[PDB]
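Colleague: Dropping the structure in here first, questions after.
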Amino acid sequence: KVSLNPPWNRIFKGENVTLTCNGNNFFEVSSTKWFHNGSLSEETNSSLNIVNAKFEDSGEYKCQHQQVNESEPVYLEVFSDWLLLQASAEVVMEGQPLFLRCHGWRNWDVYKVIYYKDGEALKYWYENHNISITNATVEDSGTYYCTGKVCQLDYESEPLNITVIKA
Amino acid sequence: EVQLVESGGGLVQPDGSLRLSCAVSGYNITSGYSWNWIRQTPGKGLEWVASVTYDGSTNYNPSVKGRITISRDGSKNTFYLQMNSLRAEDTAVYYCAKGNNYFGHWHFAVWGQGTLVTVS
Amino acid sequence: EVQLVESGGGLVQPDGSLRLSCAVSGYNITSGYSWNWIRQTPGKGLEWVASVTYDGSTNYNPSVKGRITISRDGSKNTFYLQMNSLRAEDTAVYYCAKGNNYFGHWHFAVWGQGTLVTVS
Amino acid sequence: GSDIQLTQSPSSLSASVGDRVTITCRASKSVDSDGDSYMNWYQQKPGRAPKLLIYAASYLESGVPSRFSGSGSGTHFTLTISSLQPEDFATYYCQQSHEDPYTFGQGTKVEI
Amino acid sequence: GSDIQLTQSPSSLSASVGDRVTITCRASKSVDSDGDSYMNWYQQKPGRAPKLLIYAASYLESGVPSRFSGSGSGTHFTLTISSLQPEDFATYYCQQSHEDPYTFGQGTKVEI
Amino acid sequence: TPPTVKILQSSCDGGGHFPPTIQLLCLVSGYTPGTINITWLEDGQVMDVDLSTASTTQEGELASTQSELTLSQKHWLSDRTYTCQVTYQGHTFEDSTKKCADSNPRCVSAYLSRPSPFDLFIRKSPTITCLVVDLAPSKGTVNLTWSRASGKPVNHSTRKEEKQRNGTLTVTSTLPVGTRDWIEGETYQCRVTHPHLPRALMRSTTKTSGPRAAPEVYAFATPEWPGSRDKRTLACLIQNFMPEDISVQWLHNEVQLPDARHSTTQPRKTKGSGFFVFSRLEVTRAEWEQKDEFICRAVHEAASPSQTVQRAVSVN
Amino acid sequence: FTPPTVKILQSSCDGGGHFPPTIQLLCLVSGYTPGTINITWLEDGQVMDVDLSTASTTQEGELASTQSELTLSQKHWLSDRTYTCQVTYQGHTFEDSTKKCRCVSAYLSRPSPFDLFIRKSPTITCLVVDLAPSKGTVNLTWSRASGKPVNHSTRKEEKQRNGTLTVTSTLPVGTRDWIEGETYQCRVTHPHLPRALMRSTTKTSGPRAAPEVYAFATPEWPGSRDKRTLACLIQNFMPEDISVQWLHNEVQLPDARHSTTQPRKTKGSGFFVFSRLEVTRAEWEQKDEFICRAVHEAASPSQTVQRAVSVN
Ligand SMILES: *[C@@H]1O[C@H](CO)[C@@H](O[C@@H]2O[C@H](CO)[C@@H](O[C@H]3O[C@H](CO[C@H]4O[C@H](CO)[C@@H](O)[C@H](O)[C@@H]4O)[C@@H](O)[C@H](O[C@H]4O[C@H](CO)[C@@H](O)[C@H](O)[C@@H]4O)[C@@H]3O)[C@H](O)[C@H]2NC(C)=O)[C@H](O)[C@H]1NC(C)=O
Ligand SMILES: *[C@@H]1O[C@H](CO)[C@@H](O[C@@H]2O[C@H](CO)[C@@H](O[C@H]3O[C@H](CO[C@H]4O[C@H](CO)[C@@H](O)[C@H](O)[C@@H]4O)[C@@H](O)[C@H](O[C@H]4O[C@H](CO)[C@@H](O)[C@H](O)[C@@H]4O)[C@@H]3O)[C@H](O)[C@H]2NC(C)=O)[C@H](O)[C@H]1NC(C)=O
Ligand SMILES: *[C@@H]1O[C@H](CO)[C@@H](O[C@@H]2O[C@H](CO)[C@@H](O[C@@H]3O[C@H](CO)[C@@H](O)[C@H](O)[C@@H]3O)[C@H](O)[C@H]2NC(C)=O)[C@H](O)[C@H]1NC(C)=O
Ligand SMILES: *[C@@H]1O[C@H](CO)[C@@H](O[C@@H]2O[C@H](CO)[C@@H](O)[C@H](O)[C@H]2NC(C)=O)[C@H](O)[C@H]1NC(C)=O
Ligand SMILES: *[C@@H]1O[C@H](CO)[C@@H](O)[C@H](O)[C@H]1NC(C)=O
Ligand SMILES: *[C@@H]1O[C@H](CO)[C@@H](O)[C@H](O)[C@H]1NC(C)=O
Ligand SMILES: *[C@@H]1O[C@H](CO)[C@@H](O)[C@H](O)[C@H]1NC(C)=O
């Protein structure tokens, strides 16, 4: 089970992250074979480290200690753009806290922030505002974009086709 | 626009009476805005005396209230001030002005030359 | 401006030979904007075939070159293509286009109408 | 087949007017050089001539409405239309223009 | 008596031409009402009539250079001047306009 | 002699990071000496004396006193207003400071529509609107205050709420106007009041002043072409006037002529400090076969005795 | 032995947090035994003359405490560069550095047909504004849609009085390519961008239409009569770009005397522009034909169009 610090997944270029799978191998009898793109790793410990990431190291990632139960294909999102909504989790079970935030380039000053229910301008506030939806429900899925004030110019961030798993 | 001719300044005697005047050039003074008497003790502070509005609603300085009367003539378009029972401290410079309001808070943009009345 | 006339759809046996043509209506082709031939297999994929620009610099597709050639007549404003040794799968729709440059990368304003070659 | 192969997603869609509709084509390797993505966008008209949609993966040629929006990153690239119109039924394509020979996607036709 | 007693600061000053100077009338109580204090700052040239300089302590009078700046809240109330000229060297005043009667300072004269 | 107060303060490092503690040394100098009691004020109330670590350096009669205070980082990053406040010889000599952040916490925009002289001198029924933009659709209501300087009673205004297509809300408000009060230049103000507001944005206006100048008028028609024998055009000249607000109109055959047929140019000054503006309007066939007297007419204040100058024209 | 204690203080932001136009950087060197002490400052490593800073070494017996103030303007701190006060003491080196705790607009010229048809010298300027400067590359690319090898352009800079720097560039053009409408692409780069900006245009599109150009005269006024004003009309053409000009007695008439209007489109989908020009007295005593000429593309034959209009 991958424990991602920070649980945010979509990034710009040249950035750093903590990569950590299973905590049931806390005492670590066998080491961890990480799989960038299928390719077997070299990390001695059960924690992998990224500093100043490359575009070409992205994509499908798995790890395993030595058991048949291999980790899940985790997919990575390196970018170079202007406007970015920023999320933690997409395949979200019911009753779960939902995390919602937008990001600007090199973490700069953006204002007049509208969140968008699938086209409908659902919540505006003058600045960023980390939205929480503490419990999932039925009608929550959709494709959600962002708008703001960038150097007085105005663009729109990408919409993200959110899928809810319903149990 | 409005132009000011103060009239009634000079040497006066204490404990007597004096009617003031300030001549207005360019308005019908019954219309609007307050009409005011303002004093300046030289070498000392600034002294508001009294005020009458266009309808005739009237305020005084409470420190001087009990001593002084303000009069008006809007056909003449001039207002006056009959001051009585003068004191030794009343040697001062006298500016008439018009009120200009905002939210019940008033201001006098315009100023006359100011007339020194010295009690002797 | 510029207008395009393809020519030469028909039925020829496999492993034979034929020639093409591509008629230009409105520009002396000798001076810029590469002159190109395009395949599309109908119901299936697409093919850039080859590319020759105004100074005579050529480029071909490496899987295909070795059996087909390309000729040119800018005075007649018409450039052509002799084909040789074709198989069954060369049955496709064939287009002609005009290169436009951008930073070592090229593009077409121009699309042909496409002519049909059907070879057994 | 040593070069980059192009896979579009979805293949074809039935829709209605005014809808906010999206497509995505995918590549294998990333060629995004110098902050530039060397991708273009294409439409054939069924029974008639083809047509460039977007050159340089973001810029429209002159003579279109503004109801259309292409984006994406890496090998994932994505075209979106905000509102459907009656003139919008055709077949649609993306194509790369970095490393020759230049490759193509399978094509996408829209229904109602 | 219970009047909001003014404290102009400083008492007087000498300067040179071009000096960026700052001055405060200090009060005792707060006239911030509906987020708004009712305060005007004044000036009289020597041997002349007075002149209002800024109404409501935030709003200019017409026909002035923009090199001046008023501020302050609560009981502290402040004027700042950015560039000094010789025609500015005189005595300046300020006055509250909130609760009647309206009160006054001692006047601070600036020299060159 | 009275002292002057100045503050010298700590520096963020080469990485621009705040120091975890803030050293507040206020430098005080320049006084004929006496008793000195410095108090520190965080947001106006007297701070504790123990963290004030002062120093009295005096060189002969010149005394360069200096009082150090010590905060933590977020003590300063609490955005509080901090103050070194010396009391000299019974007086008080005070210097303040506060956390210096960025700027523009709102920048609300509103509008005001001073009306047309047509609604002053022709229709003579003016209604003024003040027009607020960028209104957040929220819960707590506004408190509008239309207001005057003369203090006289008012009529009733409007209030137009609408959620805006680009997400926000909109309120404007409209009020009818008296005539001569604006002619004698009465000043008006509509005022905002809202729970979100740490401030309030107010705009006021009155009749725009200046000297007065009357214009000079001609107008010229279209000598026809062989192509068009029925369709011609008109245009009308003006110059040299002040102040420069006009209602421009069009007269023919007791018809106030329509609008989108014609167009009109913009207020632009002359080198002789008047302005000059034009307009244009096409001609059709049967109208001159009806009647031929046409007036590009305009409404100027220095035009008199009816605030207008008119020029009836004819063909050829 | 004790090593010295070095810290840095500065000027202050006030009770609203505003801006003194000059900032005072006080580098303190406290807590040290005296000996061999020489002090310097390094502004981005670079040194300036020795008369920008001031110091007062305070020596307290066996200990000592040096203060050292440097005064610059605000705009050097607004220039956001790094300063390093440095002291040499017994070889053992201790120091500290301190700096301060954007947009990019560009344009493109469209020249006059006089420079195309009559002056016949096409040199296109590509225009970049808001050059908030950095230390890295500003690598520009004049480039062509046809991509033939280019000639060389201009390169100049200016520090504006509102602070900013700038670069524009001017490249020569041929004529006939523009007559045929060739497109080009000036293109700057910068490393700090997440993405860059391209810009292009060329000769316009559509069909072509010639206009209806006329000009007429004014009457006089009862006030004064020796100073009159004439004007020029045009209407109903496509496209819009036209050198308009002014001719009398083989003299290019001075530019700032005449005023022109803006290109607006007619309601019948053509365009229309007007103009204006004052006349005075003594020139009609000289001569009477003053030609408001213009240059439309469809004008005939040499793109020549005027009406010689005069007085009386
Ligand atoms: C959501 O959409 C809204 C649509 O209603 C946007 O409202 C628009 O706001 C802008 C900026 O406030 C307006 O631009 C002008 O605003 C007024 C109104 O001008 C004219 O508006 C109508 C035409 O749209 C006319 O019918 C009216 O008669 C009116 O004349 C102008 O006065 C402004 O001028 C100001 O700026 C100019 C320079 O451009 C200065 O020279 C002036 O001094 C003045 O300060 C603006 O030009 C726009 O008209 C308005 N739309 C309306 C009211 O219809 C809204 O901005 C948008 N919100 C967001 C967040 O996107
Ligand atoms: C510091 O002061 C500088 C001194 O003026 C200013 O620099 C200015 O930068 C502005 C940026 O807009 C430029 O102004 C114009 O830019 C082009 C050029 O058009 C005109 O400029 C020529 C000389 O520069 C003149 O000879 C001609 O009149 C020519 O037509 C225009 O495109 C701009 O108009 C508008 O451009 C877009 C398009 O609509 C608008 O969105 C903008 O709002 C802009 O108004 C300007 O007219 C110019 O480079 C320069 N000013 C001039 C006239 O030299 C600037 O004010 C200021 N800069 C900063 C960073 O503070
Ligand atoms: C967001 O995109 C997802 C794609 O992950 C969409 O969810 C998909 O909805 C389609 C509609 O049926 C389904 O995909 C296919 O379904 C058929 C039969 O239902 C099945 O045979 C195929 O194997 C395929 O799964 C499916 O429900 C679902 N796909 C997956 C794998 O998630 C969705 O439409 C988009 N919209 C939103 C707002 O969620
Ligand atoms: C990511 O890259 C590096 C590694 O963390 C960061 O730069 C600094 O590296 C030095 C080397 O020891 C350390 O001081 C810190 O690890 C880093 N400093 C900071 C502020 O993190 C770089 O800043 C990081 N930035 C990102 C997210 O790209
Ligand atoms: C001013 O108004 C009064 C009120 O009737 C009138 O008697 C007087 O004649 C007016 N004066 C002028 C100059 O209008
Ligand atoms: C192209 O130009 C050449 C050189 O003048 C000329 O010989 C040739 O005939 C031209 N061809 C066409 C089609 O214009
Ligand atoms: C890794 O991903 C790349 C895409 O850049 C792909 O071409 C390759 O087949 C993948 N396989 C490897 C080498 O792990």
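Chain A is numbered as in Swiss-Prot; shown residues: 31-197, in order.
The deposited model was determined using electron microscopy, 7.3 Å.
Cβ from N, Cα, C; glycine included.
According to Swiss-Prot, the feature disulfide bond maps to A:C51-A:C93, A:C132-A:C176. Look at Swiss-Prot and you will find A:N46, A:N67, A:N75, A:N99, A:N160, A:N165, A:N191 tagged as N-linked glycosylation site.
Thinking about packing and proximity, how do these listed features fit into the structure?
Modeller: Neighbour density for A:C51 (disulfide bond): within 10 A of its CB lie 23 other CB atoms from the protein chains shown. Under the three-state DSSP scheme, A:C51 (disulfide bond) falls in the coil class.
Around A:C132 (disulfide bond), taking its Cβ as the centre, 22 other Cβ atoms fall within 10 Å, counting all chains.
Under the three-state DSSP scheme, A:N46 (N-linked glycosylation site) falls in the coil class.
Sequence-distant contacts (6 or more apart, same chain, Cβ under 8 Å) of A:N67 (N-linked glycosylation site) comprise A:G89, A:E90, A:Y91.
DSSP assigns A:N75 (N-linked glycosylation site) to coil in the three-state reduction, placing it in neither a helix nor a strand.
Proximity of A:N99 (N-linked glycosylation site) to non-local residues of its own chain (separation of 6 or more, Cβ distance below 8 Å) is seen for none.
DSSP classifies A:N160 (N-linked glycosylation site) as coil under the three-state reduction.
Cβ contacts within 10 Å of A:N165 (N-linked glycosylation site), excluding its own Cβ and spanning all protein chains shown: 10. Under the DSSP three-state reduction, A:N165 (N-linked glycosylation site) is assigned to coil, being neither helix nor strand.
Mapped onto three states, the DSSP output places A:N191 (N-linked glycosylation site) in strand. Other C-beta atoms found within 10 angstroms of the C-beta of A:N191 (N-linked glycosylation site) number 12, with every protein chain shown included.
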Colleague: Checking the recorded positions A:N67, A:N99, A:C132, A:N191: which ones have Cβ within under 6 Å of ligand 7?
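Modeller: A:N67, in sequence order.
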Colleague: Run through A:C51, A:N160, A:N165, A:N191 for me and report the recorded positions whose CA is within 10 Å of the CA of A:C132 (disulfide bond), in sequence order.
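Modeller: Near A:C132 (disulfide bond), where near means Cα within 10 Å, the recorded positions are A:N160.
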Colleague: My understanding is the cutoff is Cβ-Cβ under 8 Å with a sequence separation of 6 or more in the same chain; which residues meet that for A:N75 (N-linked glycosylation site)?
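Modeller: Once residues fewer than 6 apart are set aside, A:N75 (N-linked glycosylation site) is near A:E58, A:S61, A:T62.
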Colleague: Closest of the recorded positions to A:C93 (disulfide bond), Cα to Cα, picking from A:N46, A:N160, A:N165, A:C176, A:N191?
Modeller: A:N46
Colleague: Using DSSP and collapsing to three states, where does A:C176 (disulfide bond) fall: helix, strand or coil?
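Modeller: Strand, per DSSP.
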Colleague: With an 8 Å cut-off on Cβ-Cβ distance and a minimum sequence separation of at least 6, pull the same-chain contacts of A:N46 (N-linked glycosylation site), or say none.
Modeller: A:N79, A:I80, A:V81, A:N82, A:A83
Colleague: Compile a sequence-ordered list of residues in the same chain as A:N160 (N-linked glycosylation site), six or more apart from it, whose Cβ lies below 8 A from its Cβ; state 'none' when nothing qualifies.
Modeller: A:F129, A:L130, A:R131
Colleague: Out of A:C93, A:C176, which of these disulfide-bonded residues shows the lowest number of other CB atoms within 10 Å of its CB?
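Modeller: Ranked by other Cβ atoms within 10 Å, the disulfide-bonded residues A:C93, A:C176 bottom out at A:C93.
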Colleague: If I take the alpha carbons of A:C51 (disulfide bond) and A:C176 (disulfide bond), what is the distance between them in whole Å?
Modeller: 32
Colleague: Sorry to bug you, but what's the C-alpha spacing from A:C176 (disulfide bond) to A:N191 (N-linked glycosylation site), rounded to the closest Å?
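Modeller: Roughly 13 Å, rounded to the nearest whole number.
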Colleague: Would you mind reading off the Cα separation of A:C176 (disulfide bond) from A:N165 (N-linked glycosylation site), to the nearest angstrom?
Modeller: 22
